[PDB]
Amino acid sequence: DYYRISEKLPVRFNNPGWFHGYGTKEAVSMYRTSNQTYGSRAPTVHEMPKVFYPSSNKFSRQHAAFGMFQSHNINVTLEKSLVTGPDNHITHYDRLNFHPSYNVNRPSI
Amino acid sequence: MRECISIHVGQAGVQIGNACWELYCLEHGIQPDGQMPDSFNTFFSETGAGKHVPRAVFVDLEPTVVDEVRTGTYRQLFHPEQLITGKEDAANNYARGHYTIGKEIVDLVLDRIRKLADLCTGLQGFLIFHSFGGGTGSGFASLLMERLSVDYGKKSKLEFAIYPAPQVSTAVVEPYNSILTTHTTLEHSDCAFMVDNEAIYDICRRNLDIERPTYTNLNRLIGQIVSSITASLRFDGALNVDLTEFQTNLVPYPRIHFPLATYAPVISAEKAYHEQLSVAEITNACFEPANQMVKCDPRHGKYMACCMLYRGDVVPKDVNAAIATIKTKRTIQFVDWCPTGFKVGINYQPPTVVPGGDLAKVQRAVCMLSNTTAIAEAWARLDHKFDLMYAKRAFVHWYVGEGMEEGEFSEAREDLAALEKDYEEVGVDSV
Amino acid sequence: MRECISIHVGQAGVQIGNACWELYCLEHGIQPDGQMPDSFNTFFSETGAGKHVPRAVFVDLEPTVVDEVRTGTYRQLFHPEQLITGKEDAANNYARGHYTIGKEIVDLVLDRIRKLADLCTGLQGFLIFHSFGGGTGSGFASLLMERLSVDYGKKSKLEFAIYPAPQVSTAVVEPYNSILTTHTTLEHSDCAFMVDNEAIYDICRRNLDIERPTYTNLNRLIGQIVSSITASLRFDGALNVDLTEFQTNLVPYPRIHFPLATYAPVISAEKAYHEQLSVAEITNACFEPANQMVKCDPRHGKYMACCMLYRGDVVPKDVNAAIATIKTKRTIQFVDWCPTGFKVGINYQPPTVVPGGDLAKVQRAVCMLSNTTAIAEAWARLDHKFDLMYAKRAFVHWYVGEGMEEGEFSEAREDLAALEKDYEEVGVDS
Amino acid sequence: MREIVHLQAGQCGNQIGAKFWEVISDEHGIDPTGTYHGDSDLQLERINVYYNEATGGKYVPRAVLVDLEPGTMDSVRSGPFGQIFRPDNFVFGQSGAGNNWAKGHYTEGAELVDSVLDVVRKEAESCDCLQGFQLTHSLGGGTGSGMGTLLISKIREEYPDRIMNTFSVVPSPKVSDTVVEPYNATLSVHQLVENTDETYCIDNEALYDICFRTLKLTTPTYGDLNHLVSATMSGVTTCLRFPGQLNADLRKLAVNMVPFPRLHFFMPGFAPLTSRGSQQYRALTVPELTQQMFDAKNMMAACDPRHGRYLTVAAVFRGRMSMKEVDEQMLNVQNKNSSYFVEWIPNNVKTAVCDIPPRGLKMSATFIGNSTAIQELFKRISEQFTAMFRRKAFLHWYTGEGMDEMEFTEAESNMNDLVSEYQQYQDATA
Amino acid sequence: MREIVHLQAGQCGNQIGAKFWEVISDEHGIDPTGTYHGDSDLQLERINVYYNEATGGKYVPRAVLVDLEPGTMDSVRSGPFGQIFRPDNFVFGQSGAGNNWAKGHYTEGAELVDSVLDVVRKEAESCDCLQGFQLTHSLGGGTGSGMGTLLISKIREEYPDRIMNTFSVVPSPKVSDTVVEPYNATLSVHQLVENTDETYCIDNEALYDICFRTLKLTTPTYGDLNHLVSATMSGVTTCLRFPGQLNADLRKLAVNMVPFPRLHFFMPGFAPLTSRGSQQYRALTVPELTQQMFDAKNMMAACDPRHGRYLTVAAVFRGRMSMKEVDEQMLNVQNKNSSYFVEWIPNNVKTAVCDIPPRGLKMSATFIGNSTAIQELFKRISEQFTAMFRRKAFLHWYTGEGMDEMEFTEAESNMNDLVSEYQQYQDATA
Amino acid sequence: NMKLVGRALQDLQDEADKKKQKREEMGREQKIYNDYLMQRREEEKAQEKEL
Ligand SMILES: Nc1nc2c(ncn2[C@@H]2O[C@H](COP(=O)(O)OP(=O)(O)OP(=O)(O)O)[C@@H](O)[C@H]2O)c(=O)[nH]1
Ligand SMILES: Nc1nc2c(ncn2[C@@H]2O[C@H](COP(=O)(O)OP(=O)(O)OP(=O)(O)O)[C@@H](O)[C@H]2O)c(=O)[nH]1
Ligand SMILES: Nc1nc2c(ncn2[C@@H]2O[C@H](COP(=O)(O)OP(=O)(O)O)[C@@H](O)[C@H]2O)c(=O)[nH]1
Ligand SMILES: Nc1nc2c(ncn2[C@@H]2O[C@H](COP(=O)(O)OP(=O)(O)O)[C@@H](O)[C@H]2O)c(=O)[nH]1
Ligand SMILES: [Mg+2]
Ligand SMILES: [Mg+2]
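To start, this report covers the structure provided alongside it. (Residues numbered from 1 in each chain as written, not as in the entry; some residues may be left out. Chains lettered and ligands numbered in written order. Part of a larger assembly, values for the part shown. Heavy atoms only, no water.)

1. Regarding the pairing of strand β12 (residues 364-371) of chain D
Residues and elements named next belong to chain D.
Then, number 1: With 8 of 8 residues buried, β12 is to be regarded as a mostly interior element.
Then, number 2: Going residue by residue along β12, you find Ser-364, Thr-366, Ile-368 and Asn-370 tucked away on one face and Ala-365, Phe-367, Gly-369 and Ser-371 tucked away on the opposite face as well.
Then, number 3: Direction of pairing for strand β9 (residues 265-270) relative to β12: antiparallel, over a ladder of 4 bridges. The partner of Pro-268 across the bridge, within β12, is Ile-368.
Then, number 4: Of the strand pairs in this sheet, strand β10 (residues 310-318) and β12 are connected by 6 bridges, and their pairing is antiparallel. In the sheet register, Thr-312 faces β12, and the bridge partner there is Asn-370. (Buried < 20%, exposed > 50% of the residue type's maximum accessible area, 1.4 Å probe, protein only. Helix = DSSP H or I, 4+ residues; strand = E, 2+ residues; numbered from the N terminus. Pairing = 2+ DSSP bridges.)

2. Some words on the packing of helix α6 (residues 181-194) of chain E against helix α14 (residues 406-426) of chain E
Residue and element names in this part refer to chain E.
Then, number 1: Across the interface, α6 lies against α14 with an axial gap of 9 Å and an inter-helix angle of 60 degrees. The angle between α6 and α14 falls in the class oblique. Note on packing geometry: the crossing formed by α6 with α14 is left-handed. Note on element contacts: α14 touches α6 through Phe-408, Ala-411, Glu-412, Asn-414, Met-415 and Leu-418, opposite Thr-186, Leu-187, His-190 and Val-193.
Then, number 2: Residues that form the contact of α6 with α14 fall into these classes: 6 nonpolar, 3 polar and 1 charged. (Axes fitted to C-alpha atoms, helices over the stretch in contact; angles between N-to-C directions. Parallel < 35°, antiparallel > 145°, perpendicular 65-115°, else oblique. Left-handed = near helix turned anticlockwise from the far one by under 90°. Contact = heavy atoms within 4.5 Å. Nonpolar A, V, L, I, M, F, W, Y, C, P; charged D, E, K, R; others polar.)

3. Re the site of ligand 3
Residues and elements named next belong to chain D.
Then, number 1: The immediate surroundings of ligand 3 are formed by 16 residues, with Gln-15, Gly-142, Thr-143, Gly-144 and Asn-226 found nearest.
Then, number 2: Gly-142 is positioned such that a nitrogen or oxygen atom in its backbone is 2.4 Å from an oxygen atom of ligand 3.
Then, number 3: Between ligand 3 and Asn-226, the relevant distance is 2.8 Å, taken from an oxygen atom to a side-chain nitrogen or oxygen of the residue.
Then, number 4: Contact with the protein chains hides 91% of the accessible area of ligand 3, taken as 590 Å² for the molecule alone.
Then, number 5: Secondary structure elements with two or more residues in the shell around ligand 3: α1 (10-27), α5 (143-158) and α8 (222-241). (Near = heavy atom within 4 Å. Polar contact = N/O pair within 3.5 Å; in protein donor to acceptor, adjacent residues only side chain to side chain. Areas by Shrake-Rupley, 256 points an atom, 1.4 Å probe, with all protein chains shown as cover.)

4. Quick look at the pairing of β9 of chain D
All names here are of chain D.
Then, number 1: In terms of residue burial, β9 counts as a mostly covered element, since 6 of its 6 residues are buried.
Then, number 2: The pairing of strand β8 (residues 198-200) with β9 spans 2 bridges and is parallel. Counted as the bridge partner of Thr-199 is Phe-265 from β9.

5. Remarks on a positive patch on the surface
Residue and element names in this part refer to chain D.
Then, number 1: Side chains of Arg-213, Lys-216, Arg-282 and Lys-297 sit close together on the surface and give a patch of like positive charge.
Then, number 2: As for its placement among the helices and strands, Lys-297 is situated in the loop between α11 (286-294) and β10.
Then, number 3: Look at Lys-297 and you get partly exposed, because its relative accessible area is 43%. (Patch = residues over 30% accessible without salt bridge, like charges linked within 9 Å, V, L, I, M, F, W, Y side chains within 5 Å. Salt bridge = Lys/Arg side-chain N within 4 Å of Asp/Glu carboxyl O. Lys, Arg positive; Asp, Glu negative; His and termini not counted. Charge placed at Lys NZ, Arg CZ, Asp CG, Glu CD.)

6. What to know about the nonpolar core
Then, number 1: Residues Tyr-310 and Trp-379 of chain B are the most contacted members of the largest nonpolar core, which totals 122 residues.
Then, number 2: Shared between two domains, this core holds at least three residues of each, these being domain 1 (3-257) and domain 3 (375-425) of chain E.
Then, number 3: Excluding residues within four positions of it along the chain, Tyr-310 of chain B makes contact with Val-279, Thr-283, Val-319, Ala-322, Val-344, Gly-345, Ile-346, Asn-347, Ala-365 and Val-366 of chain B.
Then, number 4: Judged by nonpolar contacts, the second largest core, of 103 residues, contains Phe-246, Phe-258, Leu-369 and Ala-376 of chain C. (Core = buried A, V, L, I, M, F, W, Y, C linked by side-chain atoms within 4.5 Å. Domains from an automatic or database assignment.)

7. Details of the sheet that holds strand β5 (residues 90-92) of chain E
Residue and element names in this part refer to chain E.
Then, number 1: What the 10 strands build is an open sheet, ordered β5-β4-β1-β6-β7-β8-β9-β12-β10-β11; its pairing is mixed. Strands at the two margins of the open sheet, each flanked by one partner only, are β5 and β11 (349-354). Between one strand axis and the next, the sheet turns through 20 degrees on average, direction left out of account.
Then, number 2: Bridge count for strand β10 (residues 310-318) against strand β12 (residues 364-371) is 8 bridges, and the pairing is antiparallel. Residue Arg-318 lies in a different strand from β12, and its bridge partner there is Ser-364.

8. A closer look at the site of ligand 1
All names here are of chain B.
Then, number 1: As a matter of local geometry, ligand 1 sits amid 19 residues, with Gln-11, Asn-92, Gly-137, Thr-170 and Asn-197 nearest to it.
Then, number 2: Side-chain polar atom of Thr-170 to an oxygen atom of ligand 1: 2.6 Å apart, as the coordinates give it.
Then, number 3: Compared with its free state, where it exposes 620 Å², ligand 1 has 89% of that area covered by protein.
Then, number 4: A total of 5 residues in the shell around ligand 1 trace back to one element, the largest contributor, which is helix α1 (residues 10-28).
Then, number 5: Taken together, the residues of the shell around ligand 1 break down into 6 nonpolar, 12 polar and 1 charged.

9. Examining the environment of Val-106 of chain C
Residues and elements named next belong to chain C.
Then, number 1: By the secondary structure assignment, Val-106 is in helix α4 (residues 102-119).
Then, number 2: Overall, the relative accessible area of 11% leaves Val-106 in the buried class.
Then, number 3: Separated by 34 residues in sequence, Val-106 and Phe-140 place their C-alpha atoms 7.4 Å apart.
Then, number 4: Beyond its immediate sequence surroundings of up to four residues, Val-106 is in contact with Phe-140, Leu-143 and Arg-147.

10. Quick notes on the packing of aromatic side chains
Then, number 1: One pass over the full model with this rule turns up 98 aromatic pairs over all chains.
Then, number 2: Pairing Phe-132 of chain B with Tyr-163 of chain B gives two aromatic rings, centres 5.8 Å apart and planes at 40 degrees, and the pair type is tilted. Residue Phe-132 of chain B is located in the loop between β4 (122-131) and α5 (135-151), and its partner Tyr-163 of chain B is located in the loop between β5 (156-162) and α6 (174-181); the two are separated by 31 residues in the primary sequence.
Then, number 3: Look at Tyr-176 of chain C and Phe-409 of chain C: their rings are 4.4 Å apart centre to centre, the planes differ by 55 degrees, and that puts the pair in the tilted class. Remark: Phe-409 of chain C occurs in helix α16 (residues 407-427) and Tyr-176 of chain C occurs in helix α6 (residues 174-181); sequence separation between them is 233 residues.
Then, number 4: A relative accessible area of 0% places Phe-409 of chain C in the buried class.
Then, number 5: Taken together, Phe-20, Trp-21, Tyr-50, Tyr-51, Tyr-59, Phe-85 and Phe-90 of chain D form an aromatic cluster joined through their ring pairs.
Then, number 6: The ring centre of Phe-212 of chain E lies 3.0 Å from the NZ or CZ of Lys-317 of chain B, which sits over that ring.
Then, number 7: One cation-aromatic arrangement involves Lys-327 of chain B over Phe-334 of chain B; the distance from NZ or CZ to the ring centre is 5.3 Å. (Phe/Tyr/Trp six-rings, centres within 6.5 Å; stacked < 30°, edge-to-face > 60°. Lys NZ or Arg CZ within 6 Å of the ring centre and 35° of its normal.)

Structure representation (structure tokens):
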């Protein structure tokens, strides 16, 4: 009814009625304890924040609980291609061209 | 997850303890039963009954301060094993609280520290609250960190306490307690937060128009302090500030762990109605010695390191402009060996407002933590008043009769003189 | 961007501030709460929530005058921190307001002025209002100017003040305050606007037909003087004139910063029905000795500098014809070293009219700030009254009892004698 | 190709420059938005002289608006053609000079010069082949008379070969708007003689009597004064922007106009000035244009040429006319008024023809002329400068800025030497 | 083929990469889910430079995110493009550093270096031919300036021939947010000089300066700073990912930009930065990009190159241009500002052209340059580190970690010997 | 080019209106909270008389 709520804050901060259960101290008495001023009055709408954002930690809790990432693969050996063509992969330890050619004559290799 | 445990000590520690926590229940929005109708885990903890249980231990040597918590509003909020009491008190006697009465229940609290330390997985630091004047707030308090040091060596042990006011005093035998506890706050303390009630009295009457304050009004602002430091833990920020981060950027030397706080703005709702508040306005009020809560003038000394904890709808742009305006000033001095003496922290969360409080609801604020050498005059006044006792031995028979050797009085006086000398060496400028 | 902060001192300063800030409230349209239903930003400080706060520091040594403002119509308009009070006053004693009672609250006003101009980005100057008669307006004003100059070596200090009237007087020990204060307005001032209440008494009765005026009628007439000065800062004009623009063209020597003001037309509605008002008509009454706000005749002296401030439905054509017509008048004198002694300011917005005010609405206006040497005779009458006191040493024990040395009485008398001497040197024509 | 960067300084220069940018916007058919709504192709052929290209068929004025006070910039951007200028081109400080030349030239002008220097260097390097610069300001000010001269001295070192025209505003002695105006005037002419290719001394009083008699406007505002000034600057570059039978430019005139570098001061002239009652009884002819312009009453300087000798005379004509008639009319006036022309230079008149008439009019002409009678005003300034300076009046304002005293002597000496050699060319035997 | 693994360190870095991976995903048309909603086939031809393939037309980042405080990545994954990242690539410790270089480098960095080394090994072996790595961090932290240096030294031993680029954040002296900042800065650059192929000096204060002046943003957040920094990183590799008329990559720039291995610091600039008002009046051309870049105001480093000499200059262009206008410009800027370019290297500039413009824009440019101005920053830290270290202040924190005192001296010596030879390269004869 | 300039001016106007509406909402909200305070301070004195 009052100020535009942040629409991420829970309805506990949209309705001050949900914090019932306190304010049950009686003034108007000679036996009034000074410490009763602490938590003396139930809140209203006006004393309740427009914006609430959390720091949600379920984004880290399960990774922390189930351990950090590690890898114990023995060897993924993946000697690669120095030429972009899918037909040929000539390696630095290899001095030989692949994809044998189509020559009319002199096929001495 | 990052957690903090409160070890509130004495009548002070109990009274600020609940006052800090009536603010804690409201920011996260917990009903006094202990339910939501995870920002809370740094103080609260889920049980089998799924409520948010205090990680806070209350210890006192007099029960009448405790049962008003066990009979007050939040009785069911707390678990009564946490609230620790004793049959007899120290009665403004450091010796009784350290040697005779303290050793009865010293083990019992330590298990309760351990069980709470068991519950938390990664603890950040320990929040200790006591008072320099009372025997329980001095004697039992002094005992507990010394073994808390040897149990948890690496753990941060933060220190909030009431330093005796320079003129008004609730006690006459306070300096004997005050001098003797200073050993523990130097070899068993990481960072101190000494404050006197007199300067709090001056601020609220001058600013908040409350001509007749009480401890409650004082307790709410002190609660506003501890919320500000650990706010960066609770809710996110552009530049989060954990407890280790400002610990590093405040302490030049291990013997120098005595900074000074400041909270701004601190104004009444009527006067706040017609004053625009900006970053520069609130950061200038932090440097006014009329708003310091320790009866010392930083202009008489020099800042070694200033720590900044902004809070509210603050922009990093106006922060740097405010720092630049502050830096271009001559009476605001700095030590020669600290060209850059700022540690800035920013939070989007605005400070909440408690029912029956004094501070107006404001969209922005600032917390200030300067370590300055102008505090050197504070223990000097204590030294003159203590030396005005010990030469002719007033009240010594009480402390000797408890079972402790009068030679410790001279050594305790000597170390504070040495500590004052160390602050003078920092005041020296390089050739 | 332009900002002016009022430092009104004393009962005169507070009552003037009530009248002046009322006019500023109606000029920009300020509600008594302070909400509009950026010409205001020179005077009214805009807060975040749409609230506007005057940039003024009302200071007085007794609470009763300021408390009326605290319970007045504009109670919510002013900052309670701005309004500074004191338990005990100087009670027509410069010494009490300079060495015993001032120092208790010299410090507090400095921090309040500190906060006001810290909000401001570019401060033009300080408009300071006080009186030479009262102890607070003379004593307490003297220290703040002394402390303002060391805090602000460059910031301007205009000085609008009440001078003792030549014949009527509200106090007996007034010349002692008047003589001792004149040192401050010499070495800690940039321009000065001493006004005696007697001159307006004749002017209001002769022109506005109010046979029984009051301080509000006087304070309202002080009101648009500052408004017509600051009109160029607040509103756009053909010839905008800042305070630095007219400070330069009014002060030939640092020891001569005492010009004389003049406002025109000043005429009631039933009167104003019968005369067409033109630029020539209003500028001629600005030179008439019967309309001077100081009891002196410039026909006995010579003008050395004049600031022209037109306002309203004015045309630069009619400006020059009026200036030329003025210059062909032997009855007006001028010094040899100032062939051109005019500084014309032109503003668009005509002066607004306050309710309960004698002045009718007029489409055009005119303001004068003429520095002439005929003011020097006024100080001479003060010298006659002061010296004839000091021979018998009347009321001296009051000032000595406060803790100030009686030798300053002779020194202050000696300074003004030299000040009168300097004005005769300019009166000499080579 | 041949571009112009329009400099702009002070409240004076900003207002005429706003008026000047309005008129040539009408000539090139530019809306206040920035697009082109004209009809003829020649209306958009040479627009790159004054305008710079922007995307979406937009053009930006190539002007650098400078003022020490931000208030005039608000008035500039709030006009009809307020949103045509690039906001980056607006350079301004927070504090003015207060009619003090020394503050504008040394203290406060030293901070704003770097920002303006970067804007003009950005604009100058943008154009391919910059013909030269052009500046408008007032000599009776603090920024244009002050820092505006400092801008000239710096960029002449930077860009020596480029032409420098100034439409400087010379104060009149009959009517003055400043008291310290001789000091600002004297210390500026010394800067003019050293570094200026050509000067147009335009006097406001000489504008006023035109509106009284020539046009018979009851209420001539400053807009009318600026409009007449705007017509002059358009009439100089009209042949540059538009083709004609005999073309010219600024260097076409300045090469032909100054026999010696020490003489670069002219009296500008504009021909078609008639009142509304004069439109009924008139016949637009070339002789009427020549007859009206050679009248000294049409002159926008404060000097009667009949007391001096016409060294050189220009007549820049706008329209389609007979070239025989303009040839004959100049020949007739050269022979009729033989005594008023010097004899050592034959055919003292230079003419150019621009085919395009001004918008809304059929025939017009412009006149630029150097005559010996212009020393009548410089000596009159010395009549006022020495009168005030001999008593050291108004000196502490300047002396407080850090400058010495010999600057007044050397500036007076240069102008005394200037009028001395100016005089000798009057009585010279061929 | 030519792949890049993006290393991520510190709170500074984690927000930089998150903003970076947003804009490049926009450039490659990847939704928040991870699928490809693009339109041009060029938008998906070279994606595997940064992404890896996932089943279902999905793509995953090849980035490893490291921080000692777990609170940061929760803010990272809760962003708009947070779910795109793979949880295993997130690596974190339980306790932070507290801006302490020591605990991150020696004490707690030792526990975390093993895990990050595994995933970067896994990402390395996944791709065909890695071009090199890329790490972003801040020099004022405890992890990025601390542990973040430990990964570089490890991967240089493991992968020496691969390129190593680092877009570090160097603290500013005027605005500093950490007291212990000089100790961390002095102990990080020594690690930076020994093991790094290429480094960019990014300062927040300079970034703060740009949005104040160039963009005129009233409330610029840190995201706008991340917007500018990510714009720099995209413009570096836009020639790698997309074809152009003149191609380049990291190694083409790396070979040309360091004449000697000891100087691998370059200050980057971004061309098309205009405020929204500035978009109204502009004409988008190659010279305007050259103009706006070659202003020192546009720079996001805290050093003015006017005080130094340009060693080498690089300008990578994004869009479709005709390079004759491009190529004529750097030839000119070399010639005119000949004093700021060294003479022992002719034709100091190398340029690259990428055909594909940035999304939502027509043309842009990025600049990489080596000047002598960078020693202005290192000696500035020396002015501050020596002041802190002469009194042994804040030493016990670093001393408690088990390091000796000679490490500060040698790191001080290494940075001093770096600037000493750096001065000699400034004052060298051809 | 005209697509680009239209987009830029639209964004500028949108953010201007957003800032204006936030400022408009802010001022009214503080006013109401004050309205709670005047009654809240009215009950406490009315409570005090009853004691
Ligand atoms: N600021 C503040 N100080 C308090 C408060 N309660 C007690 N103190 C201070 O504590 C000092 C005395 O110690 P107490 O806490 O009262 O009692 P104690 O510490 O348990 O020691 P004993 O009195 O011997 O039982 C006094 O000088 C007070 O200044 C409080 O609620 N707020
Ligand atoms: N014109 C005018 N003069 C006033 C007004 N109020 C006070 N004065 C002058 O002030 C003089 C007396 O000093 P006050 O201003 O009343 O008091 P003060 O300046 O605070 O000094 P103290 O009386 O010592 O406290 C009288 O002679 C009046 O001339 C006013 O409203 N209008
Ligand atoms: N003719 C004419 N003169 C003007 C105009 N605006 C100002 N002036 C003259 O400029 C002089 C004041 O110049 P000023 O503002 O002090 O110049 P600045 O100090 O450089 O800004 C006055 O004497 C006016 O007569 C105008 O629109 N037209
Ligand atoms: N430019 C920019 N700087 C940032 C940003 N976030 C943090 N910083 C800077 O990073 C520094 C803090 O680094 P820190 O978190 O201690 O690094 P870490 O110890 O490695 O985690 C501060 O000085 C900030 O100025 C950002 O988004 N942009
Ligand atoms: Mg107790
Ligand atoms: Mg009084």
